[PDB]
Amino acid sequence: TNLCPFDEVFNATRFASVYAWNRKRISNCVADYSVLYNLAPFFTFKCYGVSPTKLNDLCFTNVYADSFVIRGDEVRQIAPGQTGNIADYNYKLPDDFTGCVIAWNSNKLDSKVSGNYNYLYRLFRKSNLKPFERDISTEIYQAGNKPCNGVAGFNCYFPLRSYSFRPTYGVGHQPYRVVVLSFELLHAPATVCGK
C-alpha cells in the first residue's frame, strides 16, 4: 500500500528552473484527492479535461508531476493553447491536456533582497516547443547570417537569462512555484487509483 509521493513535489525545498523542468513519474501507488482542491485558499488551481472531485474515482496508467518556477505574469501561459516566451520556448502544454495546474506565490522562499538570479529561463529558440518537450540546450543562438562558433557577439546571444526575484518587486514579478499533474490513460494496466 505505497502512497503516491506527492509531498516530495509540493514540499520540495528547491524547484528547478523553467527551462529544465523536473518531472516525477508517479505510478503504482495509493493516490489522493482531498488535499488537491479541499486544502485551503493557497494558490491557483485549474483543471482541464477532468474534474477534481472525480479524481478519486478514476484510475490512470501514469501520473506525471512537473515542477518549476516562473514569475507571476507568466502563470497564465501554463495552460493548453497558450503562446508566449514561457509557453513556446520552455514548457508547452498540449491542446488536449488532461490534468490540473497548481501555482503559488513563493516570494518568501525564492526571492532574496539582493536578487535570486539562480532561476533561469530561455529567451531565444529557432522554433516552438512540442508539448512536454524539455530543451536544456545552451548553444549560442544565431540571430543573423554569420555563424557564431561559440562566440558571444553581434547577432549571437546566450539563450538563457536570469530571473531577478527581489521581494520589493511587483506581484507580476514575484516567483511562483508551479506543479503540473498530467493524467495519462493508454492501453496499459492502470495503477494510479485514489480510493
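All residue numbers refer to positions in the sequence shown, first residue = 1.
Which is higher on average in the deposited entry, the C-alpha temperature factors of 39-47 or of 65-73?
-> The recorded data point to 39-47.
When the C-alpha temperature factors are averaged for each of 10-18 and 173-181, which stretch ends up with the higher value in the entry?
-> Going by the record's values, the stretch with the higher mean is 10-18.
Could you say which of 156, 129, 59, 160 has its CA atom at the highest B factor, as listed in the PDB entry?
-> That would be 59.
Hey, out of 142, 138, 53, 164, whose CA B-factor is highest in the deposited coordinates?
-> Reading the PDB entry, the winner on C-alpha B-factor is 53.
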